[PDB]
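**Q** To start, I am sharing the structure in question, which I have written as structure tokens.
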Amino acid sequence: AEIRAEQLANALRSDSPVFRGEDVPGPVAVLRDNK
Amino acid sequence: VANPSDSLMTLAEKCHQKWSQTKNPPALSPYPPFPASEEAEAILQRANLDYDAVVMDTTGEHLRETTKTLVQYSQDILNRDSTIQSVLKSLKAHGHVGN
Amino acid sequence: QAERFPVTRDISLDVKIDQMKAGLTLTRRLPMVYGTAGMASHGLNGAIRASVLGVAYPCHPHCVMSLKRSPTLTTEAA
Amino acid sequence: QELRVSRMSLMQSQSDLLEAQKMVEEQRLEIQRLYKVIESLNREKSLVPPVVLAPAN
Amino acid sequence: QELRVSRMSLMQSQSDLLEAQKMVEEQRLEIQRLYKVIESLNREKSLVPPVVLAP
Amino acid sequence: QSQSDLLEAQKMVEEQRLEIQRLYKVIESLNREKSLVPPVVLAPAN
Amino acid sequence: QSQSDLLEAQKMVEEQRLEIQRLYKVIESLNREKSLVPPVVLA
């Protein structure tokens, strides 16, 4: 989806209707003393 | 070179004169919308104006005239800086004479 | 016709606020066909009243005789 | 000695209480006076004649 | 003789006092809102005729 | 989780929109005050 | 569908955030001064 959205974003480029930026954070957990 | 006194005196006199002639930057205008079309037609209706009439906004004209005048005021600020540096050099010379 | 064409509504609508400021309440007056008459409303002393209060005597806001406000009529009459 | 404390407390609280009802009904008349001003000034917020000006030339 | 006022209850006299003083504050903050819209309407420059520029 | 957001963001846009309408009344206030002239309209013909 | 309206909501509040920042200049820049000028130029 990221390569697809990028390669057809250049078609406009050659006031976008999207938000593009960051998100509202949720849960990310990490391994307990593993990595 | 006779009386640095009188010379610096005339210098500071010119100073006072120009220095004090204040100049006020162009004023700001009603935030664009004003008088707000919706309300303009109401005014153009409670007037009982015989000839049918429309509301021709001019906001743009006022705004670009303000641009021009602000450009002129910036040119004035530049002239002021230059004159200040000139008076500084004149003071340097009169000060050598005074030492 | 005596209702929306009254005798006097004072110099401005600011003085109605000023009468409330350090004063009393307002006045409601209703239509009257007859009995709004007398001295000092539209007799010749009302002209002295008009010069003092600041307003116009005959037909208090204006001297209206036409039906529509005509800017082209005022320019040709100037 | 706590009896005369309640003596002065009830006399002062009752005097302040009858003070309160006469004062509330006094501000009630000022409520009615300004409500007449509100319903008046908004009514002819549409009947004022707008002025119109024309150039001399 | 013990007075009529003295034999009254301390709780009921105070509870009516704080309720009534609350009603005084209800009305004062209403004079706040009413005189704020009188003062704003006077200072509005809405009590003046708007101007039209005909040719 | 994707419904907790769109219920945080929907309140977020709703209360900001009421604040925007407040600003379009207090700009609409401070513009008619503090100017020498009543609102000026231009009325030419067709 | 839930994120269809959520991307719409985040864009709607982000442009509102930039737009209200612009009006936050305008409320206090109108203080700054004594009186303004008419917008009419005529001519």
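Chains MG, HB, EA, LG, LH, LE and LF, in that order, are what the protein sequence lines are. For the first sequence, the positions run 115 to 128, 169 to 189 when the authors' numbering is used. Last residue of the second sequence: 845 (the authors' numbering), numbering continuous. Last residue of the third sequence: 4105 (the authors' numbering), numbering continuous. Last residue of the fourth sequence: 536 (the authors' numbering), numbering continuous. Last residue of the fifth sequence: 534 (the authors' numbering), numbering continuous. Last residue of the sixth sequence: 536 (the authors' numbering), numbering continuous. Last residue of the seventh sequence: 533 (the authors' numbering), numbering continuous. Note that beta-carbon positions come from the ideal geometry of N, C-alpha and C, so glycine has one too.
Are the CB atoms of EA/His4089 and EA/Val4034 nearer to each other than 9 Å?
**A** No, they are not a contact pair.
**Q** Do you know whose CA, among LG/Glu481, LG/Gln480, LG/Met490, lies nearest LH/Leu482's CA?
**A** Residue LG/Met490 is the option with its Cα nearest to LH/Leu482.
**Q** Inspect the beta-carbon positions of LF/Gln506 and LE/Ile510 and report whether they are closer than 9 Å.
**A** Yes; because the gap between Cβ atoms is below 9 Å, this pair is in contact.
**Q** At a Cβ threshold of 9 Å, is LF/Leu508 touching chain HB?
**A** Not an interface residue.
**Q** Within this structure, are the beta carbons of HB/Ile789 and LH/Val531 separated by less than 9 Å?
**A** Contact flag set, yes.
**Q** In the DSSP assignment, the alpha helix (DSSP H) including HB/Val801 goes from what residue to what residue?
**A** No alpha helix (DSSP H) contains HB/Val801, which DSSP labels as neither H nor E.
**Q** What residues of chain LF sit near HB/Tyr797, judged by a beta carbon separation below 7 Å?
**A** Ordered by position in chain LF, no residue passes the 7 Å Cβ test against HB/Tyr797, which lies about 17 Å from the chain.
**Q** Which residues of chain LH have a Cβ atom closer than 7 Å to the Cβ of LE/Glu523, listed in chain order?
**A** In chain order: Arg522, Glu523, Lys524.
**Q** At the 9 Å Cβ level, is LH/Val516 part of the contact set with chain LE, yes or no?
**A** Not one chain LE Cβ lies under 9 Å of LH/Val516.
**Q** Looking at C-beta atoms only, is the number of pairs between the stretch 4037 to 4047 of chain EA and the stretch 4075 to 4092 of chain EA that lie closer than 8 Å three or more?
**A** These segments touch.
**Q** Per the contact definition of three or more C-beta pairs closer than 8 Å, is the stretch 520 to 529 of chain LF in contact with the stretch 513 to 528 of chain LE?
**A** Enough Cβ pairs lie closer than 8 Å, so yes.
**Q** Would the beta-carbon of LG/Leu508 fall within 9 Å of that of LH/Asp495?
**A** Cβ distance not < 9 Å, so LG/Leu508 and LH/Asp495 don't count as in contact.
**Q** Any heavy atom of the ligand FMN within a distance shorter than 8 Å of the CB on LF/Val527?
**A** Within the structure as shown, the ligand FMN is missing, as the structure has no ligands at all.
**Q** On a Cα-Cα basis, can you pick out the residue from EA/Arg4076, EA/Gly4065, EA/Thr4102, EA/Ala4064 that is closest to LG/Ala533?
**A** Ranking the options by Cα distance to LG/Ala533, first place goes to EA/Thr4102.
**Q** Going by C-alpha to C-alpha distance, which of HB/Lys769, HB/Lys838, HB/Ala748, HB/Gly841 sits closest to HB/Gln818?
**A** Measuring from the Cα of HB/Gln818, the nearest candidate turns out to be HB/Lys769.
**Q** When DSSP labels each residue in this structure, what does LG/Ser488 get in the three-state scheme?
**A** Correct three-state label for LG/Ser488: helix.
**Q** Rounded C-beta distance between HB/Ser753 and HB/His840? I'm assuming under 8 Å.
**A** Between HB/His840 and HB/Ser753 the Cβ distance is about 6 Å, and since that is below 8 Å, they are a contact.
**Q** Any C-beta of chain HB sitting closer than 9 Å to the C-beta of LH/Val531?
**A** For LH/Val531, the answer is yes, since a Cβ of chain HB falls inside 9 Å of its Cβ.
**Q** So if DSSP puts LE/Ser525 in a beta bridge, which residue, or which two residues, is it bridged to?
**A** LE/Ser525 is bridged to LF/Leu526.
**Q** Look up EA/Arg4096 in the DSSP assignment and give the residues it is bridged to.
**A** DSSP, once it has assigned bridges, lists HB/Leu795 as partnering EA/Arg4096.
**Q** Select from EA/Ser4097, EA/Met4059, EA/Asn4072, EA/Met4066 the residue whose C-alpha is nearest the C-alpha of EA/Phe4032.
**A** For the residues EA/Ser4097, EA/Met4059, EA/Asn4072, EA/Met4066, the minimum Cα distance to EA/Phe4032 belongs to EA/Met4059.
**Q** Could you please give the first and the last residue of the uninterrupted alpha helix (DSSP H) stretch that includes HB/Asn845?
**A** No alpha helix (DSSP H) holds HB/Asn845; DSSP gives it neither H nor E.
**Q** Which residues of chain EA have a Cβ atom closer than 8 Å to the Cβ of LG/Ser519, listed in chain order?
**A** Residues of chain EA passing the Cβ test: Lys4043, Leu4053.
**Q** If you draw a straight line from the C-alpha of LF/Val527 to the C-alpha of EA/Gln4028, how long is it?
**A** So the alpha carbons of these two residues sit roughly 42 Å apart.
**Q** My understanding is that LF/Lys501 touches MG/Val172, with C-beta atoms under 8 Å, so please give their C-beta distance in whole angstroms.
**A** So it is a contact: roughly 7 Å between Cβ atoms.
**Q** Quick one: grab the DSSP three-state call for MG/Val184.
**A** The answer is coil: DSSP assigns MG/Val184 none of H, G, I, E or B.
**Q** Cα-Cα, which of MG/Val178, MG/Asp187, MG/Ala119 is closest to LE/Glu498?
**A** Closest by alpha carbon: MG/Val178.
**Q** Compare the C-beta of LG/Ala499 with all C-beta atoms of chain C and state if any pair is closer than 9 Å.
**A** The structure shown contains no chain C; the protein chains it does contain are MG, HB, EA, LG, LH, LE and LF.
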